[PDB]
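Peer 1:
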Amino acid sequence: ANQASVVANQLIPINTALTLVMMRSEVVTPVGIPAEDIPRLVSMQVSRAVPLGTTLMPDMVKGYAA
Numbered sequence: 115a116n117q118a119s120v121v122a123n124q125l126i127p128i129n130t131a132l133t134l135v136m137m138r139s140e141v142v143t144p145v146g147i148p149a150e151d152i153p154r155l156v157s158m159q160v161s162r163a164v165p166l167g168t169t170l171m172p173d174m175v176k177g178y179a180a
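Following my numbering from start to finish, the sequence shown increments by one per residue and tops out at 180.
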């Protein structure tokens with residue numbers, strides 16, 4: 115029900131390390147990576163370009179394990 119996920123706040127280009135300006139928290143379905151994990155994600159790289167408005171999913175961040 116009101117579980118928040120990381121949603122792309124701007125285009126995140128392929129193989130660019132994530133900065134906190136790139137990530138917002140939002141309740142959406144399907145559930146993706148929990149909002150709580152935004153601190154962890156900083157400096158990790160995404161494996162594909164993530165468009166504005168897209169929920170970050172585990173399989174899009176290289177090196178992610180929850």
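Ideal placement from N, C-alpha and C gives every residue a C-beta, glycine not left out.
Quick one: grab the DSSP three-state call for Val145.
Peer 2: Correct three-state label for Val145: coil.
Peer 1: With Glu140 and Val121 assumed to form a contact (beta carbons below 8 Å), what rounded beta-carbon distance in angstroms separates them?
Peer 2: Confirmed, about 4 Å.
Peer 1: Pick helix, strand or coil for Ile152, following the three-state DSSP scheme.
Peer 2: In this structure, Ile152 counts as helix in the three-state DSSP scheme.
Peer 1: For a test of your reading of the model: does the CB of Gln159 fall under 6 Å from any non-hydrogen atom of the ligand FMN? Yes or no.
Peer 2: Absent from the structure shown: the ligand FMN. Ligands present: none.
Peer 1: If you compare alpha carbons, which of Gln117, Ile126, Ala118, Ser161 is closest to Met136?
Peer 2: It is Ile126 whose Cα lies nearest to the Cα of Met136.
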